[PDB]
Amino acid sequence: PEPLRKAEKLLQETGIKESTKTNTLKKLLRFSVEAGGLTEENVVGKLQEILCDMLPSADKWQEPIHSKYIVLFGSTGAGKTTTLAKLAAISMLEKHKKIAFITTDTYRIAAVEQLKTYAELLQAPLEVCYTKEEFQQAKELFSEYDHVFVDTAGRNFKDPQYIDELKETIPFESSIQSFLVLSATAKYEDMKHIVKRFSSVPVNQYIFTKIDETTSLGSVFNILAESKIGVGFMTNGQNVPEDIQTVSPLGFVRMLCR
């Protein structure tokens, strides 16, 4: 095989899983044998289209912030708080909205200070909530606001009591967009499990963090391929509020291929 040896090479460098890698060459080979001739130049194009077709449709990516309540939950240290700040900063400064915070992360030390200092900078109010009732109450106070950004404590969501804890603290009944936050630095086999545990909770979008920190995006692709939802944001550094961005399925696949 000629350029297909090259396509085989690309797929190698992305961290995609073997099954997938293979099945992509199948589709690739199939198409090209039975339909015209592909150059060493034009392979990549076709390759990317094929991969992209395995990801959720674009209308399921880059969902904008509309709902009143914006919740991020996810793994420990993944960057939830930092990302919440960025998101909020955008809502106030760029989009000129009345914003407020709730935090639920009573567990980790200084997590409240952390969000507090952001809320102070942004001159927005902040409620700590230990219970759904307190949360429901907080809702009353913030009824005049446009957006309430809600932070939560990172847990080992492999163990499902924390899924329970979470569900028993957040009212998903509400006008609410919920983002599952995972680190681009995480192992696929790990994320796979997390996403299973989150099955019983209404996640709207993924957020992938620290894409500036990992060598390959294959792991993230692998997750997205087995998912019915797309990615709302990706983060690429520690700086607030600059280091956030959005992507389309194609835009994502381009990143995948270096």
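Numbers for residues come from their place in the sequence shown, where the first is 1.
- [ ] Mind pulling up the entry and telling me whether 231 to 239 or 8 to 16 has the higher mean Cα temperature factor?
- [x] Mean CA B-factor is higher for 8 to 16.
Open item on the list: Highest mean C-alpha temperature factor of the two stretches 154 to 162 and 122 to 130, which is it?
Closed with: Result: 154 to 162.
Task: Candidate set 220, 201, 207, 43 [ranked by C-alpha B-factor, highest] - done: When the deposited C-alpha B-factors of 220, 201, 207, 43 are compared, 43 is largest.
Open item on the list: In terms of recorded Cα temperature factor, pick the maximum from 49, 212, 189, 226.
Closed with: Among 49, 212, 189, 226, the PDB entry lists the largest C-alpha B-factor for 49.
Task: B-factor third for the C-alpha atom of residue 172 within its chain - done: Residue 172: CA B-factor falls in the highest third of its chain.
Task: Ranked C-alpha temperature factor of residue 143 among modelled chain residues, by third - done: Its C-alpha B-factor belongs to the highest third of this chain's values.
Open item on the list: For the chain shown, is the CA B-factor of residue 246 in the lowest, middle or highest third of its modelled residues?
Closed with: Within its chain, residue 246 is a middle-third residue by C-alpha B-factor, going by the deposited values.
Open item on the list: Could you place residue 35 in the lowest, middle or highest third of its chain by Cα temperature factor, using the values in the record?
Closed with: Its C-alpha B-factor belongs to the highest third of this chain's values.
TODO: Sort the modelled residues of this chain by their C-alpha B factor and say whether residue 55 lands in the lowest, middle or highest third.
DONE: Ranked within chain, residue 55 CA B lands in the middle tercile.
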